[PDB]
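Novice: Kindly return the folded structure for what I paste below:
(9 chains, ligands or ions: 2)
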Amino acid sequence: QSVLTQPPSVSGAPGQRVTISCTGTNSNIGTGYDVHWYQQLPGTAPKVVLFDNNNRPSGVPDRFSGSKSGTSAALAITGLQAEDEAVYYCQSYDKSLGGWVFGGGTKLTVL
Amino acid sequence: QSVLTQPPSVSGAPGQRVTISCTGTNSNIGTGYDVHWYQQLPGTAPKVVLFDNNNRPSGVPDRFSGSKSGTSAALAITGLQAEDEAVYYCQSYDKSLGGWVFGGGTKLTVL
Amino acid sequence: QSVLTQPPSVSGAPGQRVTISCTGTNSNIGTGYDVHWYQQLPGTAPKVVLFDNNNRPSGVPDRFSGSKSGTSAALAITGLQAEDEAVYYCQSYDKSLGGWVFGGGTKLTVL
Amino acid sequence: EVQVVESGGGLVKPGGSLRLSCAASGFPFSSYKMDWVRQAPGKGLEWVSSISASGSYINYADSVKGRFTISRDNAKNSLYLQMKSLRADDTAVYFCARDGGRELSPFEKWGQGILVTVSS
Amino acid sequence: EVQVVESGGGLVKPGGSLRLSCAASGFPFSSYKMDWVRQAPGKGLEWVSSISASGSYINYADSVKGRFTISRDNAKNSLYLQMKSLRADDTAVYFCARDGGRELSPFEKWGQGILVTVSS
Amino acid sequence: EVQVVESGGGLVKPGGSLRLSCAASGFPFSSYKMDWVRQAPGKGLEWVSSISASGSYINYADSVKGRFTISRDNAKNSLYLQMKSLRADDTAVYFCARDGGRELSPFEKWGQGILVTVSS
Amino acid sequence: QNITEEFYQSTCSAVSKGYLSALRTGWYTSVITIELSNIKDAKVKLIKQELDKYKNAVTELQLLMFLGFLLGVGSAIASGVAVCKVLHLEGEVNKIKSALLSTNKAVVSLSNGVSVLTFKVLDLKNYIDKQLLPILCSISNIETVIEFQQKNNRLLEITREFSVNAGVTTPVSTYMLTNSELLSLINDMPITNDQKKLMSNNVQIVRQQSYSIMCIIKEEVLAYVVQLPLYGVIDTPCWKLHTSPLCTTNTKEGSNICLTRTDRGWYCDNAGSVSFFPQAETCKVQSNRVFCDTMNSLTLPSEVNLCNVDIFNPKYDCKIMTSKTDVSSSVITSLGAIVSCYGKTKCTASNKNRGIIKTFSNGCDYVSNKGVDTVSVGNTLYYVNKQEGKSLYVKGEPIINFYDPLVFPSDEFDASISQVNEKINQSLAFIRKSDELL
Amino acid sequence: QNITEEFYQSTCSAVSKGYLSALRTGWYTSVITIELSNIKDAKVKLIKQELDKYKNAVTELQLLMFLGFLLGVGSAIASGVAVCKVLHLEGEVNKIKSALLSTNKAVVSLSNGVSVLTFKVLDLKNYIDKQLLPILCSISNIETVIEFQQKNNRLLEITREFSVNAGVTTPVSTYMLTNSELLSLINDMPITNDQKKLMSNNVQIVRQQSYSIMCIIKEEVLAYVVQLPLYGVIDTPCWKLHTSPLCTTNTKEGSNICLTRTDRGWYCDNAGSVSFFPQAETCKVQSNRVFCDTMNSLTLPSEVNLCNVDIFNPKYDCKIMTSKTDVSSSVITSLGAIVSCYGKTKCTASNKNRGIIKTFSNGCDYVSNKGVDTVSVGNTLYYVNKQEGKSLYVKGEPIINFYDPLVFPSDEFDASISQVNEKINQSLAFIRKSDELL
Amino acid sequence: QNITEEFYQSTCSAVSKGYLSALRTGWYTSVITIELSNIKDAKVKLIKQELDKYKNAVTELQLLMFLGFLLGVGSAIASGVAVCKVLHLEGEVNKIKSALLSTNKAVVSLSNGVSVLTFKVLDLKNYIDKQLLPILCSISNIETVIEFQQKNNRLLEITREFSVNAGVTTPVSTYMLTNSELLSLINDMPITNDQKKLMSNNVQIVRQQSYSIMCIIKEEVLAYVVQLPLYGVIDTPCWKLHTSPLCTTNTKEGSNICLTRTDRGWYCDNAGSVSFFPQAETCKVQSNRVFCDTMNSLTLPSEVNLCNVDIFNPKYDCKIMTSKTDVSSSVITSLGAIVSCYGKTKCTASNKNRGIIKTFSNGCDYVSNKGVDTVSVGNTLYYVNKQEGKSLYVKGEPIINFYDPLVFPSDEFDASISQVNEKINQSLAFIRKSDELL
Ligand SMILES: *[C@@H]1O[C@H](CO)[C@@H](O)[C@H](O)[C@H]1NC(C)=O
Ligand SMILES: *[C@@H]1O[C@H](CO)[C@@H](O)[C@H](O)[C@H]1NC(C)=O
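Specialist: Numbering: from 1, shown residues only, chains lettered A, B, ... in the order given. Ligands and ions are numbered 1, 2, ... in the order given. What follows is the structure:
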């Protein structure tokens, strides 16, 4: 299945650590492909906040950590801030689809 | 046959392009050997005027052209001059004779 | 046999050439091992006077020559002197013993 | 500063055709593989197509295969999509995206996106 | 300038034990193989044991095998023998010897030798 | 500056023998293959024999094989022929010829030629 | 793509463009497994001989267990050797055995978290235990002797390759991995489809850039690691630089100065920079595709290409070497030949049907391969490449003519344009300073 | 033993210690003999085809019969070729046949007094004479055809190997010498017990350092000489030097000076001296043991090690090279990586489970392999060796900072500390004398 | 012919003379053809396995389809690759098939006008179509299985060689061309009889200098091109120059200057000039004949030999390198050994039966191989060549003693006698001009 499974919504109080899960299959993560993470605001294009399951692009605060294990991946945001309110997408390469599979997206709400 | 066949004689008016043919056998040109051309005056030693079927030695005017095709070779002399009258010899290597066979000699007459 | 055989004693007049034989077996010299020679005084440690059957250590006079042929080796001392009066040992590596075999020792007496 | 922009998308009828154009300005266009990503209103991202740096390798999603044809012109630093036989399911905001110059890198340069509407 | 000096030998009962020590001073100790050679009074030289430059390779004569234990400590430039369960045949003068630094070279450096006496 | 000159040819009865000599002056003799070419009165050129630069390889035409023996002496820059059992067909002008220094090159240095006459 | 060539007369250098990259940037390690068996009339004697050969192979395998100086030093099989150490941990071989029990191909996650592809290419346990144990001792058919010889041959051939290579072989031969096995391995690798098409169409290059590392024999399993190239930067423009010495042409021997561009080699576009490959063994060209190993590479700014258009540009300092040895030679480029003719050397260009077409004068010149088959420089004959393409001659005054021979530094092996000018600074200063004092 | 590594920040160099020596200092030549025969239905057709293959093989064999520039030149197979000439003397072949009549292994004394081990590995004379001549033409069993194929195959494989190597092959394959034969040869060689264990446990290294020289076919015996390595210097300490360029880090592109230690390679203690091996092919490392050929070595005083602890010591003059090319690269050491990062190049260190864990600044730095799997320098990714060991970082101010850039000689390929310092003396004096004169 | 050697004490160099030339100056391309078939009980299962192996090989092949820096750059297989593109034209393959329909060897003229030898070495079409097609489902005898294996073996071995070499192999093995096929190929080439004798007697050298280039599979015929060497310059004198460093012998460690002649290598007379081969791989010596490839060569005037008899002659400028590194080494020549001993290094010469027979003093000395078997320099032992020949020691005072150490340039890799002299007269002028000015 060329599908990545993501929680529809995650919420957290400011200053707390939230986690967003990304469950894959044998075609994308079970094959051995890495997971990249994107942050998108409602009116703008997605912006990458994590790649290779744990690597941070330039200009991204150290609050984003990320990790992969087995057939699932997770994105962690310590010290939640109001600027983090967005929709987060995980994506991987899928061998059956022959391209990039994106996750469903997780809207992160800062309470 | 370790033989190169040449016309007994050839004639031409000054300024006319004469051609001297040299037809060989499977042991000469059908094997892959090149043809050299020699110009000899009645009392002197032969002098090479062409080699590798088209290459001109130093000091030989561009009037001598030469070419090889199939199992025969030809020597051409454009702009015939009185100094060009001589006996012309073609030579080739033979695998059968184990050495060089010369043509029968073609006397060139300038009218 | 892991044995090197030496004459029990050798006597020679001063100025003469004396020879000490060292016959080996197929386990040491018949295998291809070289012979070293030691000179030993009654109260001191052995001192090498020949190695690789003919090579002289530094500080040893050219009177010591040595040679190896077949399954036996010999040590020769031209111009016998009073300082040469010692016990001489031949040494070889032995494959069956897995180590160094020494000769029985030859007492050289200067008559 | 990279300025990746799109143009040529509007309102088409079902079964119609459109040609999207994406022009890049501030990087060596010939050394990067370019992609198209679309986002339907209210849903997530979907990869559409890719073309390698010199056009040798072209890939399509099964949803658009046989109807979309990606192309590029390295002289003009331009990307094209050339949509044909569009359906109502094709309504989305289309992004042209550039990766990091290596095979499995994430998209790090995006256009602003242009909306394509298919309706009767 | 080489000075190899032995110590630790005396009188022991049959079946007793002793430990011999030989300390080197004037050469790169860790680059040389060390040997023990013994000479019974009135007899010839007998090779006892050998240990390679770094201790990887250890050899014994059959007369002492399973009963003598050669060892070395390259930090202290020292060689040890550690005889156990000695018999009357073990009475000899023991020399620690250094070879020429290659495999089949002769002994070039000798100690003065120490007596070991095994009598009832 | 090349001066190859022959000598030693005259009139000999059938069954006799001669020795031709060709001497070279203005080139590195030892790096060139040398040849003998003869031409009977009123006829064409016939290759006779060849010898490699150092004399390792020697070739004869079938008409002269077993009766002619080419040789060279690189010290004196000389070529010799040494024909034996001369017949009436053997009368010709004999040229010593030098090639271009490679295997299948044409002759570019010729001697003036010397007559050999075999008659009764 | 389509190959073009540009020759620069000012710097005696040629650039051939139109090539496409396949740059090896990483490694993928796979585990190849052979399942072994533990065994405690003329046809029986033939089987006994073949069985001893099988046992000896198991025992033998058990007993086993210009600018190139600027490059760094890498460890080519570090990634493969690292996986070999992981396989030595307790239970690792059992996990691979259990994963390959019902299948010949599986993805196994190791203890360190790495998932590797596992392949069982040969099953000698099954044949020996089932088709050879019940019969053995009266053999009734010669077929079993031949069939056993066919099965055991691959094991003996693999052992032969490992024993003469100290357990590490490159290229990976078809005994280590058949074409069918390699293509199956590529199709299941965690790579994109572009990488899969590139590898599947160029398996002979993939073999030449891969390693086979003998790993372990444990619990009736033979395992070796095949380290396969990862081509992470592909289909990007590449170009090759050819350089030849450029000298002055004074008749007097020993009075001439020379310079050569030392930056000859392969250049590939890579993100926003250029990968430079000075050495010639490090890059394999398969049609238009250039397979270059990034290990033997230098990372340079894109401004390095400015030396081809302007050797004297201020943005980049072009690498040169200087000398006084004006010898004649030729460099065969992709679509032609650069001829450097100096002294009394005779230089010509010919084709097979017409003979000498061009006679070179003293200096550095160029001919295309359109009408030329051979180039002769002195005593050496060169055949030119007959690849199709377009050549461009860019006329320009040779830059060796801009230098005063009295102050020219002509003993520089690893200089540059700026460094040579820096020495010209100083030498001219000494005569200038001394003149004022005098 | 236990491998440790020490990185020196002052000279941008690393030393890995703990290795043990196996230095090839000599050669042993052995003679290997095959006896041949004087020979000359569908099953008979197969035998005749195999027999023709045997005769052709006999006929084919008869028809056959930084500082590396400082090294000397040797003749590797001079000892083996010399034995081959001895075997050509009259009665030498017969002596070897007579010694091997009733045994397959013997020690034979040659005319010149040399004793060599002689081994008969194949006996095709008896099989052809006894099992194949009487039946010669009706064959009643296919077994003799297959059994003939197996016996003659080794001869054909040996002939094929000698034909593509001009009679000299290296490494020595298992067709020339099987594992059982080689172990048998080692056990009978006139070497110590320590040498026997070292060769027996590393036969694959022995094979890579030995030669097989086709010698003679005469009187129905085929003989070739295998030249085996003699490891005379064993178990001494060895260490490896890794060096990387050390440059200044000014932001201006061409304003930086560089120096690199050029004495990289292997060093082993040897009888009060040090054996230096500048090249990398000349030394094979099998676990902890280093197999270095003394032919490609220099003999240096033990004070050469002083350059590692103090490059400015007066006892030894350390070899260096200087330049102005500040390019980025990495050197992978035994237990870590040296990273030289200059200009705008991005240099990082990472591990697989955590990502980038270190970002390198400009200069040359070092990272251990404990928490690092990969190192990236620009567009190049390096895998580090995962060998166990202890690494030590020795802090120190880089010595490139002690040099005045105005008078620095930056074009020396084979300089040393003193040569650079003496050149600094002259330029400084030249401005000093002129200033005093002014 | 017969070998003499001359050692010069003035320049620490030796020259070995008496060798004969076989210089590869051209290429001959020949087309090798295998006819294939379009093919669509335990004995049948064995035949099916061999048939799959045959079909897999066809599919695999279809899927496939000192002074060395002064040399030029050639394309070694340009001529053979050019013939391969010609074979891809319409009707070319059919022309070769029709020429080989009734004979296994013919001369075919291609469309471009070139005539090539064509050879059919294997005919798998006839065997499969005539001996395996009528049967295939009952096989009565095992003979066909073994006979099929023997015929198909050469195809599988050729496929293996091409698949691990990317379609280009060198040396040419006996699977691509047997000794019988190669000798027949030589006999029909358009070469002289002298060339034929040289090639026929040295076929192993011919194999090492030839290429096998996979060309095409089309219309049931497999074709590959064998590019054979053409030895155009033969039997001319050749000589080999051996050089070793020449240093002063002052007791202080770093107070010595050195020079080495860098023009070492092979020299052969070629027309009125000399072919120089600086490298050691380019030239193969088979007995007395030297096989040198002209691609890796320089064309020099005959005056280059003046350096051997007078290094200071004005006609030719002899190439030297200068340094300050006085290390000890040895160079093994054809008939002796050059020993350069400096510092505290112990240098000796010895023979097996007598031991040390010469102890070298500091400097460059020579020893002949007549009474010497081995040479020891420091920690390395050299075996000398035991070839028969006369050696001559030419006494002379080393030219390093003519140089004033204060003004000696000792950092030159690519200098010459004249270049060093210009630097000597310049620094002498600087100190002299200031001396009079002050
Ligand atoms: C390359 O250049 C040729 C011009 O001969 C042109 O026809 C072709 O379209 C170009 N591109 C490719 C991929 O061949
Ligand atoms: C300068 O060097 C040349 C050779 O390069 C030499 O002939 C000349 O004599 C030197 N000048 C002086 C003044 O010695």
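Novice: what about the strand or helix carrying residue D:94 and chain A, any contact?
Specialist: According to DSSP states H and E, residue D:94 maps onto strand D:92-98. Yes - judged by Cβ under 8 Å from any Cβ of the partner chain, strand D:92-98 comes into contact with chain A at residue D:95. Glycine gets a C-beta too; all of them are placed from N, C-alpha and C.
Novice: Can the following helix or strand past that strand be said to contact chain G?
Specialist: Going down the chain from strand D:92-98, the next helix or strand is strand D:109-110, by DSSP H and E. No - using Cβ under 8 Å from any Cβ, strand D:109-110 stays clear of chain G, coming no nearer than 11.7 Å.
Novice: and strand D:109-110, what other elements does it pack with?
Specialist: strand D:92-98 (3 or more Cβ pairs under 8 Å, 6 or more residues apart in numbering or on different chains; DSSP states H and E).
Novice: For chain C, give me its nearest residue in chain A.
Specialist: Here the residue of chain A nearest chain C is residue A:32; by Cβ to the nearest Cβ that distance is 54.4 Å.
Novice: From residue G:190, how far off is that residue?
Specialist: 4 Å (Cβ to Cβ, to the nearest Å).
Novice: most distant residue from the middle of chain A?
Specialist: Distance to the chain centre peaks in chain A at residue A:96, reaching 21.1 Å (criterion: Cα atoms, centre = their mean).
Novice: Flag every residue of chain G that's near chain B.
Specialist: Close to chain B, as judged by Cβ under 8 Å from any Cβ, chain G has residues G:353-356.
Novice: Can you tell me which of those has the most neighbours?
Specialist: Highest neighbour count within those: residue G:355, with 18 neighbours (other Cβ atoms under 10 Å in any protein chain shown).
Novice: If that residue is in a bridge, with which residues?
Specialist: residue G:351 (DSSP bridges).
Novice: burial measure for residue A:79, as a count.
Specialist: 13.
Novice: Looks to me like it is in a helix.
Specialist: No - Residue A:79 sits outside any helix when classified using DSSP: H, G, I helix; E, B strand; the rest coil, being coil.
Novice: gap between it and ligand 2?
Specialist: 76 Å (Cβ to the nearest ligand atom, to the nearest Å).
Novice: Spatially, which residue comes closest to residue 36, not counting chain neighbours?
Specialist: Using chain A here. residue D:106 (3.8 Å; Cβ to Cβ, 6 or more residues apart in numbering or on different chains).
Novice: Oops, wrong one, chain D.
Specialist: In space, residue D:36 is closest to residue D:48, 3.9 Å off (Cβ to Cβ, 6+ apart).
Novice: what's near enough to touch that neighbour?
Specialist: D:35-38, D:60-61, D:64, D:68, D:70, D:81, D:94 (Cβ atoms under 8 Å, 6 or more residues apart in numbering or on different chains).
Novice: In helices, which of those appear?
Specialist: Among the contacts of residue D:48, no residue falls in helices (DSSP state H).
Novice: picking that back up, which SS class is the residue of chain A closest to chain C?
Specialist: coil.
Novice: what's the distance between it and chain D?
Specialist: Taking Cβ to the nearest Cβ, to the nearest Å as the measure, residue A:32 falls 11 Å from chain D.
Novice: Please see if stretch D:78-91 touches chain A.
Specialist: No - Stretch D:78-91 lies out of reach of chain A by Cβ under 8 Å from any Cβ, never closer than 14.9 Å.
Novice: send the alpha carbons of that stretch over as CSV?
Specialist: The C-alpha trace of stretch D:78-91 is given here as CSV (Å, rounded to 0.1, in the frame of the first residue of the first chain):
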residue,chain,number,x,y,z
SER,D,78,11.3,26.3,-17.5
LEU,D,79,9.1,23.5,-16.5
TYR,D,80,5.8,22.4,-18.2
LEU,D,81,3.0,20.0,-17.4
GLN,D,82,0.6,20.0,-20.4
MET,D,83,-2.5,18.6,-18.8
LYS,D,84,-5.0,16.8,-21.1
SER,D,85,-8.5,15.3,-20.7
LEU,D,86,-9.0,16.8,-17.3
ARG,D,87,-11.6,15.6,-14.9
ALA,D,88,-13.3,17.1,-11.8
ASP,D,89,-10.9,15.0,-9.7
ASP,D,90,-8.0,17.1,-11.2
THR,D,91,-9.0,20.3,-9.3
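Novice: List the buried residues of it.
Specialist: Neighbour counts over stretch D:78-91 (16 or more other Cβ atoms under 10 Å in any protein chain shown) mark D:78-81, D:83, D:86, D:90-91 as buried.
Novice: Near chain F, which residues of chain A are found?
Specialist: Within chain A, no position is adjacent to chain F by Cβ under 8 Å from any Cβ.
Novice: Considering chain A, which strand comprises the largest number of residues?
Specialist: Looking across chain A with DSSP state E, the single longest strand is strand A:87-94.
Novice: Would you mind putting the CA coordinates of that strand into PDB?
Specialist: What follows is strand A:87-94, C-alpha atoms only, in PDB (Å, rounded to 0.1, in the frame of the first residue of the first chain):
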ATOM      1  CA  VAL A  87      -0.300  21.100   9.100                       C
ATOM      2  CA  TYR A  88       2.600  18.600   9.100                       C
ATOM      3  CA  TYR A  89       3.300  16.100   6.300                       C
ATOM      4  CA  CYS A  90       5.600  13.100   6.300                       C
ATOM      5  CA  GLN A  91       6.600  11.700   3.000                       C
ATOM      6  CA  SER A  92       8.700   8.800   1.700                       C
ATOM      7  CA  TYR A  93       9.600   7.200  -1.600                       C
ATOM      8  CA  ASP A  94       7.200   4.300  -2.400                       C
END
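Novice: Give the partner strands of that strand in its sheet and their orientations.
Specialist: In the sheet, strand A:87-94 lines up against strand A:35-40 (antiparallel), strand A:99-102 (antiparallel), strand A:106-110 (antiparallel) (DSSP bridges).
Novice: mind checking how far the nearest residue to residue G:106 once chain neighbours are set aside is from chain D?
Specialist: Of all residues not flanking residue G:106 in the chain, residue G:99 sits nearest, at 4.1 Å (Cβ to Cβ, 6+ apart). To chain D, residue G:99 is 25 Å away according to Cβ to the nearest Cβ.
Novice: what do you get for residue G:208?
Specialist: In terms of Cβ to the nearest Cβ, residue G:208 sits 20 Å off from chain D.
Novice: again with residue G:378
Specialist: For residue G:378 relative to chain D (Cβ to the nearest Cβ), the value is 41 Å.
Novice: Also residue G:162?
Specialist: According to Cβ to the nearest Cβ, residue G:162 and chain D sit 32 Å apart.
Novice: so the helix or strand hosting that residue versus helix H:143-163, what angle?
Specialist: Counting by DSSP H and E, the element that carries residue G:162 is helix G:143-163. Angle, helix G:143-163 to helix H:143-163, by axes from the mean of the first three to the mean of the last three Cα atoms, to 10 degrees: 20 degrees.
Novice: Need the distance between the two termini of stretch A:90-110.
Specialist: Stretch A:90-110 stretches 19 Å from its first residue to its last (Cα to Cα, to the nearest Å).
Novice: Contact partners for residue A:36?
Specialist: Residue A:36 neighbours (Cβ under 8 Å, 6+ apart): A:48, A:50-52, A:90-92, D:106.
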